[PDB]
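Text of final35.csv, listed as CSV, C-alpha atoms:
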chain,number,residue,atom,x,y,z
A,450,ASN,CA,-12.8,35.4,17.7
A,451,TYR,CA,-10.0,35.7,15.2
A,452,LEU,CA,-10.5,34.5,11.7
A,453,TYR,CA,-8.6,32.3,9.2
A,454,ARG,CA,-8.7,32.1,5.4
A,455,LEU,CA,-8.1,28.4,5.2
A,456,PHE,CA,-9.5,27.9,1.7
A,457,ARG,CA,-8.3,29.3,-1.7
A,458,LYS,CA,-8.4,28.2,-5.3
A,459,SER,CA,-4.8,29.2,-5.9
A,460,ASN,CA,-1.8,30.0,-3.7
A,461,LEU,CA,-1.1,33.4,-2.2
A,462,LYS,CA,1.4,35.6,-4.0
A,463,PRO,CA,4.1,37.2,-1.7
A,464,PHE,CA,2.9,40.3,0.1
A,465,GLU,CA,-0.7,39.9,-1.2
A,466,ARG,CA,-4.1,39.8,0.4
A,467,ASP,CA,-7.5,38.2,0.0
A,468,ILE,CA,-10.4,40.1,1.7
A,469,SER,CA,-13.4,39.1,-0.5
A,470,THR,CA,-14.9,35.7,0.4
A,471,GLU,CA,-17.4,34.2,-2.0
A,472,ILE,CA,-18.2,30.6,-0.8
A,473,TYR,CA,-15.2,28.4,-1.7
A,474,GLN,CA,-16.1,25.8,-4.3
A,475,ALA,CA,-14.8,22.3,-4.0
A,476,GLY,CA,-15.9,21.5,-7.5
A,477,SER,CA,-19.6,20.7,-7.7
A,478,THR,CA,-20.7,23.8,-9.7
A,479,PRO,CA,-23.4,25.9,-7.9
A,480,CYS,CA,-22.2,27.9,-4.8
A,481,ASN,CA,-24.3,31.1,-5.1
A,482,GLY,CA,-24.8,31.8,-1.5
A,483,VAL,CA,-25.2,28.1,-0.7
A,484,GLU,CA,-23.0,25.7,1.2
A,485,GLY,CA,-24.6,22.6,-0.4
A,486,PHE,CA,-22.5,19.5,-0.7
A,487,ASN,CA,-19.1,20.7,-2.1
A,488,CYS,CA,-19.2,24.4,-1.4
A,489,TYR,CA,-17.9,25.5,2.0
A,490,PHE,CA,-17.3,28.8,3.7
A,491,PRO,CA,-13.6,29.8,3.1
A,492,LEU,CA,-13.4,31.4,6.5
A,493,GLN,CA,-13.0,29.4,9.7
B,346,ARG,CA,-25.2,-6.8,5.1
B,347,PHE,CA,-22.9,-6.2,8.1
B,348,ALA,CA,-19.4,-5.5,9.4
B,349,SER,CA,-20.0,-5.5,13.3
B,350,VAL,CA,-19.6,-2.6,15.7
B,351,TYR,CA,-17.3,-4.3,18.1
B,352,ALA,CA,-15.0,-5.4,15.2
B,353,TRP,CA,-13.8,-3.2,12.4
B,354,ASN,CA,-13.5,-3.5,8.6
B,355,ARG,CA,-9.7,-3.3,7.9
B,356,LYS,CA,-9.6,-4.9,4.4
B,357,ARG,CA,-6.1,-4.7,2.9
B,358,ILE,CA,-6.7,-3.3,-0.6
B,359,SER,CA,-3.6,-2.2,-2.5
B,360,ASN,CA,-1.7,-2.6,-5.8
B,361,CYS,CA,-4.4,-0.8,-7.7
B,362,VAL,CA,-5.3,2.6,-9.1
B,363,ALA,CA,-8.7,4.2,-8.5
B,364,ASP,CA,-10.2,7.7,-8.8
B,365,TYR,CA,-11.2,9.1,-5.4
B,366,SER,CA,-12.9,11.9,-7.3
B,367,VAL,CA,-15.4,9.4,-8.7
B,368,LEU,CA,-16.7,8.8,-5.1
B,369,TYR,CA,-16.2,12.5,-4.2
B,370,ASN,CA,-18.6,13.6,-7.0
B,371,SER,CA,-21.2,11.0,-6.1
B,372,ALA,CA,-23.7,12.4,-3.5
B,373,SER,CA,-24.7,9.0,-2.2
B,374,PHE,CA,-22.5,9.4,0.9
B,375,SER,CA,-23.7,11.5,3.9
B,376,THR,CA,-20.7,13.7,4.8
B,377,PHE,CA,-17.1,14.3,4.1
B,378,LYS,CA,-14.6,15.0,6.9
B,379,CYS,CA,-11.4,13.9,5.2
B,380,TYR,CA,-8.2,14.5,7.0
B,381,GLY,CA,-5.6,13.4,4.5
B,382,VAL,CA,-6.1,15.6,1.4
B,383,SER,CA,-6.5,19.3,1.8
B,384,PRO,CA,-7.9,20.6,-1.5
B,385,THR,CA,-10.3,18.0,-3.0
B,386,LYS,CA,-9.0,14.5,-3.5
B,387,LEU,CA,-6.2,11.9,-3.2
B,388,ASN,CA,-5.8,11.4,-7.0
B,389,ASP,CA,-2.7,13.7,-7.0
B,390,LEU,CA,-0.8,11.6,-4.4
B,391,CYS,CA,0.4,8.0,-4.1
B,392,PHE,CA,0.6,5.9,-0.9
B,393,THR,CA,1.5,2.4,0.2
B,394,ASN,CA,-1.6,0.5,1.0
C,156,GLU,CA,-1.3,-30.3,-5.2
C,157,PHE,CA,-0.3,-27.9,-2.4
C,158,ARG,CA,2.2,-30.0,-0.4
C,159,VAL,CA,4.6,-27.0,-0.5
C,160,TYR,CA,2.6,-25.0,2.0
C,161,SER,CA,0.0,-25.4,4.8
C,162,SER,CA,-0.5,-21.9,6.3
C,163,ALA,CA,-1.5,-18.5,5.0
C,164,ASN,CA,-0.7,-15.1,6.4
C,165,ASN,CA,-1.9,-11.6,5.1
C,166,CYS,CA,-0.3,-12.2,1.7
C,167,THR,CA,-0.7,-8.9,-0.1
C,168,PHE,CA,0.0,-8.4,-3.8
C,169,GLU,CA,-1.1,-11.7,-5.4
C,170,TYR,CA,0.1,-12.0,-9.0
C,171,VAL,CA,-0.9,-14.2,-11.9
C,172,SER,CA,0.4,-13.2,-15.4
C,173,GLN,CA,2.4,-15.6,-17.5
C,174,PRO,CA,0.8,-17.8,-20.1
C,175,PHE,CA,3.2,-20.7,-20.7
C,176,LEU,CA,4.0,-22.4,-24.0
C,185,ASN,CA,18.8,-33.0,-26.4
C,186,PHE,CA,18.0,-30.7,-23.5
C,187,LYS,CA,16.8,-28.0,-25.9
C,188,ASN,CA,15.1,-25.5,-23.5
C,189,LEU,CA,17.5,-23.7,-21.2
C,190,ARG,CA,15.2,-21.7,-18.9
C,191,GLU,CA,17.8,-19.1,-17.9
C,192,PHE,CA,16.6,-16.9,-15.1
C,193,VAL,CA,18.2,-14.0,-13.1
C,194,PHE,CA,16.7,-12.9,-9.7
C,195,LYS,CA,17.9,-9.5,-8.5
C,196,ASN,CA,16.6,-7.7,-5.4
C,197,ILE,CA,17.6,-4.0,-5.4
So that I can check it, write out the structure of this file as structure tokens.
Amino acid sequence: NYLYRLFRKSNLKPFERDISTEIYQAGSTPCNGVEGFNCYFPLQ
Amino acid sequence: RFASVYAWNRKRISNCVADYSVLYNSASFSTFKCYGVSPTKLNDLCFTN
Amino acid sequence: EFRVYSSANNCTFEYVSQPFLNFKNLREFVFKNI
């Protein structure tokens, strides 16, 4: 299925891209390969 | 103790300022499926009641 | 007493602030709703 980048720390600049996804952090602190509590996968 | 399952808790709390991030940071709750705020918390917006 | 009123709706925004003190005192008040 097609994918969406529905999580970013900042806003996208015009004619830019974001291909590298490293567990979007909601603000807990640790998100190294873990979706625990705050951290969620940016791609849905 | 209780709030009933057939009835609902619709307490009208308003005219106050509180930090939603205070409850967000606490891990006592089970899960977060918030619909209002996109990024993290409601502390950047104001509402009615 | 409370002879003024007998019922009570969902009154929101309850407020209690002011500590109180010839004709002398005037007690001039202006109520404006804008």
Closest to chain B among C:166, C:189, C:197, C:171, using all atoms listed in the file?
->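 Smallest distance to chain B is found for C:166.
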Excluding residue 373 in chain B and any residue of its chain fewer than 5 positions from it, enumerate the residues within 12 Å of it, using only C-alpha atoms, and give them as an NGL selection string.
-> (:A and (486)) or (:B and (367-368))
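CA of residue 458 in chain A sits 14.5 Å away from CA of residue 382 in chain B.
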Please, which residues of chain A lie no more than 10 Å from chain B when the count uses all atoms listed in the file, and can they be set out as number ranges by chain?
-> A: 455-458, 474-477, 486-487
Compute the set of chain C residues within 9 Å of chain B, using all atoms listed in the file, and express it as a ChimeraX atom specification.
-> /C:165,167-168
Draw an axis-aligned box over all listed atoms of range 456-466 of chain A, pad each side with 5 Å, and write its centre and edge lengths in Å, one decimal, as AutoDock Vina command-line options.
--center_x -2.7 --center_y 34.1 --center_z -2.1 --size_x 23.6 --size_y 22.4 --size_z 17.6
Using CA of residue 393 in chain B and CA of residue 460 in chain A as the two end points, give the distance in Å to one decimal.
->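 According to the coordinates, CA of residue 393 in chain B and CA of residue 460 in chain A are separated by 28.1 Å.
Computed from the coordinates, the CA of residue 493 in chain A to CA of residue 378 in chain B distance equals 14.8 Å.
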In the coordinate frame of the file, compute which residues have an atom within 8 Å of (-12.8, 31.7, 12.6) when using all atoms listed in the file, and state them as an NGL selection string.
-> :A and (450-453 or 492-493)
